[PDB]
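Right, one structure below, let's go through it.
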Amino acid sequence: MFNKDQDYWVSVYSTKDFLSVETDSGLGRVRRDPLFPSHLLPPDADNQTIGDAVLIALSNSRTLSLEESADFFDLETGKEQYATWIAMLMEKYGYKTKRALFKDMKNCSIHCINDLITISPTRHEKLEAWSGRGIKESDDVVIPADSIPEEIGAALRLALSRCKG
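In my numbering, the protein residues as written are 1351 to 1515.
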């Protein structure tokens, strides 16, 4: 169950070899939450499995207190965790180079607030960068938060098909 007026955030990263559903946390600004391992799914995961992963990952999304915020957005910690995420993906899927991993990688964001799940496609800009550039509001995919997990999965697949670059 999601709390009223509370934001819950997830990032999705997709390649030919994996579909990763990740809890994001923060305070206005959000990022990959190091307390929660990525949900790493087979690239051919069905919609039920994807939807249940999305629901769990969203539920874990934290809204931090003032004190938690300072430690959480620490620059050097962030760098370490980010590069560690890349290393983990490379070692787990046998990517020999960063280019091999990021070349075709798609990114969608997932937001849940007040019984609405919004999934937003992105444009792949640089090797490790995505933007909202060229992405219309109407490119989002919206479903209710109490949707069956199959519907959430289908919604994420549609958003992934709307990614560009």
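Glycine included, every Cβ here is placed at the ideal spot set by N, Cα and C.
What is the residue span of the beta strand (DSSP E) that residue i lies within?
i: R1483; result: Here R1483 belongs to no beta strand (DSSP E), and DSSP marks it neither H nor E.
So who's on the other strand from residue i, going by DSSP bridges?
i: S1511; result: According to DSSP, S1511 bridges with nothing at all.
i: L1466; result: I1463, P1494
i: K1456; result: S1364
i: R1449; result: For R1449, which the question treats as bridged, DSSP gives no partner whatsoever.
Using a 10 Å radius around the Cβ and a threshold of 16 neighbouring Cβ atoms, would you call residue i buried or exposed?
i: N1457; result: buried
i: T1472; result: buried
i: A1407; result: buried
i: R1379; result: exposed
i: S1388; result: buried
i: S1459; result: buried
i: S1364; result: buried
i: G1376; result: buried
i: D1357; result: buried
i: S1488; result: exposed
i: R1412; result: buried
i: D1374; result: buried
Give a yes or no on whether the minimum CB-CB distance between residue i and chain D is below 7 Å.
i: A1479; result: Among the protein chains of the structure shown there is no chain D, as only one such chain exists.
task: Could you name each continuous beta strand (DSSP E) segment of 3 residues or more that falls completely within the segment 1368–1447, going from the start of the chain to the end?
output: 1369–1377, 1379–1382, 1389–1391
Three or more C-beta pairs below 8 Å linking the segment 1462–1476 and the segment 1492–1500: yes
message: With a threshold of 8 Å, are at least 3 pairs of Cβ atoms found where one atom belongs to the segment 1384–1398 and the other to the segment 1362–1369?
response: yes
- prompt: Between the segment 1400–1414 and the segment 1502–1510, do three or more beta carbon pairs fall short of 8 Å?
  reply: Touching, yes, given that three or more Cβ pairs across the two stretches are closer than 8 Å.
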